[PDB]
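To keep things clear, I will list the structure first and then write my remarks on it.
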Amino acid sequence: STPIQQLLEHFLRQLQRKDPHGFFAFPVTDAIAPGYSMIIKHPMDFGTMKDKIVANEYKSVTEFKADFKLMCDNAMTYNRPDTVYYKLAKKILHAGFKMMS
Ligand SMILES: CCn1cc(-c2cccc(C(F)(F)F)c2)c2sc(/C(N)=N/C3CCS(=O)(=O)CC3)cc2c1=O
Numbered sequence: 138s139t140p141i142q143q144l145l146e147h148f149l150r151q152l153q154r155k156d157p158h159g160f161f162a163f164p165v166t167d168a169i170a171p172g173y174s175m176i177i178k179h180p181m182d183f184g185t186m187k188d189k190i191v192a193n194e195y196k197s198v199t200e201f202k203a204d205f206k207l208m209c210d211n212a213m214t215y216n217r218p219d220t221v222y223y224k225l226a227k228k229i230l231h232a233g234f235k236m237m238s
């Protein structure tokens, strides 16, 4: 396990603690979010991120941060602003980027 993998696994643990319901834990299904796959072109979730870290697919922190932002942006695009998902996405995007400095 490389130094970048160790750091990313660390950041990921810290980020996932901010989503105690695990709304962002696994790919969003069309069943729970109708028409999701026809709206969101590039889905992302923490489970997929973990698998990318394990596969050594991230070669910079920048790349990891981009997938995190993608996840949050997806939630903010698909959901109306008055929803728990949108509000949590906006909260964790800011907190996560700060956290990661
Ligand atoms: C943040 C990612 N995400 C996750 C979910 C989700 C995943 C697992 C379990 C649950 C549940 F058990 F709590 F329901 C929700 C959902 S569900 C959803 C959905 N059905 N959202 C609607 C909210 C009302 S609206 O904005 O009018 C249309 C979309 C969007 C997302 C999502 O982005």
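In case it helps, the UniProt record's numbering puts the sequence shown at residues 138 to 238.
Where is the CB? At the ideal position from N, CA and C, for every residue including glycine.
Please report the straight-line C-alpha distance between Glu194 and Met237, rounded to a whole angstrom.
19 Å
I'd like to know whether the C-beta atoms of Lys189 and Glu146 end up nearer to each other than 9 Å.
no
Is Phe205 close to ligand 1? I mean its beta-carbon at under 8 Å from any heavy atom of the ligand.
no
Measure the alpha-carbon distance for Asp204 versus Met181 and round it to whole angstroms.
7 Å
Using a Cβ distance threshold of 8 Å, determine whether the region 228–236 contacts the region 166–179, with at least three qualifying pairs required.
No contact exists between the region 228–236 and the region 166–179.
Using DSSP with H/G/I as helix, E/B as strand and the rest coil, what is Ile177?
coil
If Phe163 sits next to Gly184, beta carbons under 8 Å apart, how far is it from one beta carbon to the other, in whole angstroms?
Yes, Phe163 and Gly184 are in contact; Cβ-Cβ is about 5 Å, under 8 Å.
Which residue's Cα is closest to the Cα of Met208: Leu149, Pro140 and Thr139?
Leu149
Quick check: the Cα distance between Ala170 and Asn211, rounded to an integer number of angstroms?
12 Å
Runs of 3 residues minimum, wholly inside the region 208–233: which ones carry the beta strand (DSSP E) assignment?
none
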